[PDB]
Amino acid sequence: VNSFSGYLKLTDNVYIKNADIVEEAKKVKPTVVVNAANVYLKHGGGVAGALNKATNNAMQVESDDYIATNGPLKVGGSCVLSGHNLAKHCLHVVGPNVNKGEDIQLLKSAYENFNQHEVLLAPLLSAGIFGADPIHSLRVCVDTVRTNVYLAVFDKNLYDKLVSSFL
């Protein structure tokens, strides 16, 4: 038993809710919250900008030190940093950004990072400002992640569509 509430069960291991991931993290304080990161960990907008804002920019400060030491992530890659006031840990995962011309096949590699964590609160990778089809992203999630994932979908209209079209 865990503390996630109000989710619809899609599969054995994948759950979904119409929720603001920031507000959900603040209430659950999960072990792992996933950020929709870019390779530079520049948390300007989308989910990343919202998570970083909720940390009062501490996420960005930590991220800048990480990049100064390690260089950029790979598209499809990840790193574990602090969850600050939102979670124990933040798993920064880089899905391909279609608005940058990145290969959508890298979306499966991005979701594979979730399998290193038993339970996660996460957004749909490559959705939103990353330009991928969220229905495709949900399908890849279900077909790739084997650990327990709680997906927060900000937009109510999209949430209803994802549920109603789910096979």
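Start at 1 with the first residue shown and count on from there.
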Inset, instruction - Would you mind comparing 12 to 20 and 155 to 163 for me and telling me which has the higher average C-alpha temperature factor in the entry? - result: 155 to 163
Legend entry - Greater mean Cα temperature factor according to the PDB record, 99 to 107 or 133 to 141: 99 to 107
Inset, instruction - Tell me which of 27, 42, 117, 53 tops the list for C-alpha B factor in the record. - result: 27
Inset, instruction - Check where residue 74 lands among this chain's C-alpha B-factors and tell me if it's the lowest, middle or highest third. - result: middle
Inset, instruction - Could you tell me which third, lowest, middle or highest, the C-alpha B-factor of residue 88 occupies within its chain? - result: highest
